[PDB]
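Commentary on secondary and tertiary structure
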Amino acid sequence: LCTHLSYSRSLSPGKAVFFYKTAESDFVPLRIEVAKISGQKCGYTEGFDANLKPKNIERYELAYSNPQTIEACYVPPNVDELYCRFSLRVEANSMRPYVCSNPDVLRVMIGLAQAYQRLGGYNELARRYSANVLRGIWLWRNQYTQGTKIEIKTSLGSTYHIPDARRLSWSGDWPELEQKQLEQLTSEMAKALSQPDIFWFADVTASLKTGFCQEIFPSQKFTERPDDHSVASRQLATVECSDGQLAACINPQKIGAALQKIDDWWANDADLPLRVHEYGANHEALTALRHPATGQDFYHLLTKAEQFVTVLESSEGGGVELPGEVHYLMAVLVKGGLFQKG
Amino acid sequence: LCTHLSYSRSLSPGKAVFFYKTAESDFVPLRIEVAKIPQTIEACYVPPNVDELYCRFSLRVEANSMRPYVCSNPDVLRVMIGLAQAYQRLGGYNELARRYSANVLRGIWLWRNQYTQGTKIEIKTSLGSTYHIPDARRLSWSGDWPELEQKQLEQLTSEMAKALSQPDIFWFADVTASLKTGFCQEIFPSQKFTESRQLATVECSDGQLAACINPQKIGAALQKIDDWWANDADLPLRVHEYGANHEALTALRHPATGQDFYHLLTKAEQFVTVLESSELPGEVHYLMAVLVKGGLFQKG
RNA sequence: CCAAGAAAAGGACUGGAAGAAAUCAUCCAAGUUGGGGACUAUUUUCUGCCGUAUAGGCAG
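Residues numbered from 1 in each chain as written, not as in the entry; some residues may be left out. Chains lettered and ligands numbered in written order. Part of a larger assembly, values for the part shown. Heavy atoms only, no water.

As recorded in the PDB header, cryo-EM is the method behind this entry, and the stated resolution is 3.52 Å.

Here you go:
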């Protein structure tokens, strides 16, 4: 490697905002409320010292409540449906290093991205990204509706429509006349990723049919603990409207983390996909699947580029010849960052 | 045990709103009057000429106690998974579903407002069922329910037993009750917690305010089905890791007895072994009930 | 019961004049804060007559 090497971010959303319509006004934001509640005195160390001596606490001393201040958000009475919207731009920006201080590293990385493009493979990545948009997984914990309808528009004049996204799996065979739209959307994106000077925008709107006063789950703030007993212990993220009203939202990178959740190339057993990560981090299990000790991480693989190009050149393409290691590497170059200090 | 372990909630309501009908419009809110006297006084009662008051809320149930939300230990995880399934296949979800279902049909979530001239409860679900309790004033915790009512308890138990145990079923219920009332009967909505007192309301889409009962106040009523201690059923407690009893200011499963959640959590290896030899004992019923009301189980 | 004992440093005074700190410039690239929850209790505010009246005035 070398002293300077970096790629920029080739695929990205802006943020998502929740709102609803009225008969008199087209845009009314969903907003949050603040309240004091009475909690439970419970859990370990409420009553134990190192699971050894149970603490001295007299019986009556645990019947007391534990008050807390929290923010919360609910849909108001008599609204028929809730809307959520965001925009997405895609750039063909993995073809060339943003910065590179080594002429030989540069010509190789260029040779590789091109060797890959002409054998196919952007179609593979585009199919996986497209599936994640149409499925609706970017709603995170708000997917549990009575019916979810998703509509997509693009700058090239296309429109896509999924009447009900509640049941499309990662692995399986999609219903007819939906399988078809996945192919069409894949084609627009596969192009957007590899041809320069196309300004491609998508506009994604979804509708959520909900319960009478169903709770909504927007992004939380990462905060320090207050000690004035007035500031909430749990705070939610909002945006300002042009007229000063506040609205609940989902953060840009929170939408992004969902869209790029594509990686089932490890251990030769697909399971569930991981968020692309140089070390294969798995948050739910608090572990890592491509620990440097295995030889399967990004940095080990980054140093074999000369060998991969040689293989790709001997292949024909248009088939299933590309190995898991080449796909992994391309996925990381798409989520660009700093790859330095050789 | 281990450092990180969490479950999320598997059963939850939204909030309850009070309203009445007119000949001119179907939803007119019950409102609250305030005099500034800051330090205020306020009141709420059914106004003249309204014969009955309506109360409504929604409920979602999710099969979410089958797997840890977070677990940092592969051996703790293997066991908790084996246990939930060892239990599921012997039944027992029926028992929990029976207990939850009984409370909805009885109507105790109305708290202090149960004293009517006749309360009727109607339930609709996302699978196309409808249930009807013509009069909720006569159903006890313990006793045999009258005919045609015992039957609906079984039918509702079955739908919920599934909602709690099999994934990818999206099960919603919509619960409305009618309170036949007195001449100008006083109504008791949730109070505001402050550092005189104030009452809680919600905003309507048209700007009017309405009286309500908080989500967790409805929830606390539904989950009150713990009577597995001391071989004396009495009335049930709200499920709590320490068996708290607010009325008497005490605790029934005080850690000093060895009967709390945390002592029991560490015997999972032994329970699975028994289930394999299987009868379900109070000790595993308690544990399953706590996992359903999920929370933090950490710093072992 | 001290290298012991005693003690008025005072009166007067002009620092001034004059000055140019200036010319040039890319801080950039990537990122999941999350899981659970009862403000009401041993409360104090009932029962009536006049007045078209949920207005306003009154006995107990």
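Proximity of charged atoms lets side chains of opposite charge pair with each other. Residue and element names in this part refer to chain B. Summed over all chains, the structure comprises 23 salt bridges over all chains. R99 is the partner of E95 in a salt bridge, and the nearest nitrogen-oxygen pair spans 2.9 Å. Separated by four residues within a single helix, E95 and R99 lie in helix α2 (residues 93-106), roughly one turn from each other. Owing to a relative accessible area of 22%, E95 belongs among the partly exposed residues under this scheme. We classify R99 as buried; its relative accessible area is 9%. For the salt bridge of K124 with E122, the shortest nitrogen-to-oxygen distance reads 2.6 Å. (Salt bridge = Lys/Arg side-chain N within 4 Å of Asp/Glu carboxyl O. Helix = DSSP H or I, 4+ residues; strand = E, 2+ residues; numbered from the N terminus. Buried < 20%, exposed > 50% of the residue type's maximum accessible area, 1.4 Å probe, protein only.)

All names here are of chain A. Burial of the side chains of strand β10 (residues 159-162) is restricted to one face: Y160 and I162 are buried, whereas none of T159 and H161 on the reverse face is. Pairing geometry for strand β9 (residues 148-154) and β10, over four bridges, is antiparallel. Residue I150 lies in a different strand from β10, and its bridge partner there is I162. Linking two consecutive strands that pair antiparallel, namely β9 and β10, is a turn of four residues; a positive phi of about 95° is found at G157 within it. (Pairing = 2+ DSSP bridges.)

This brings us to the packing of aromatic side chains. A full pass over the atoms with the stated rule returns 22 aromatic pairs over all chains. When the ring of A:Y116 is compared with that of A:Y122, the centres are 5.2 Å apart and the planes differ by 85°; the resulting orientation is edge-to-face. Each member of the pair, A:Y116 as well as A:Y122, is classed as buried. A cation over an aromatic ring shows up here: A:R290 above the ring of A:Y328, its NZ or CZ 3.9 Å from the ring centre. Lying across the ring of B:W111, B:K217 places its NZ or CZ 5.1 Å from the centre. (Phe/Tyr/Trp six-rings, centres within 6.5 Å; stacked < 30°, edge-to-face > 60°. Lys NZ or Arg CZ within 6 Å of the ring centre and 35° of its normal.)

Before going further, it helps to examine the domain arrangement of chain A. Residues and elements named next belong to chain A. What the domain assignment lists for chain A is domain 1 (1-9 + 93-121 + 261-342) and domain 2 (10-30 + 73-92 + 122-219). Once you take the C-alpha centre of each, domain 1 and domain 2 turn out to be 28 Å apart. Across the contact, 17 residues belong to domain 1 and 15 residues belong to domain 2. For the pair domain 1 and domain 2, the summed buried surface comes to about 1600 Å²; carbon and sulfur atoms form 59% of the total. In this assembly, domain 1 and domain 2 are joined by one salt bridge. One salt bridge connects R128 with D264, and the closest N-O pair in it is separated by 3.1 Å. Linking domain 1 with domain 2 are seven residue pairs in polar contact. Listed by contribution, the elements that provide at least two residues to the side of domain 1 that touches domain 2 are α1 (103-117) and α7 (324-334). Broken down by element, the residue count for the side of domain 1 that touches domain 2 peaks at three residues, all from α7. Partitioned by chemical class, the residues of the side of domain 1 that touches domain 2 number seven nonpolar, seven polar and three charged. (Domains from an automatic or database assignment. Contact = heavy atoms within 4.5 Å. Buried area = accessible area lost by both parts, 1.4 Å probe. Polar contact = N/O pair within 3.5 Å; in protein donor to acceptor, adjacent residues only side chain to side chain. Nonpolar A, V, L, I, M, F, W, Y, C, P; charged D, E, K, R; others polar.)

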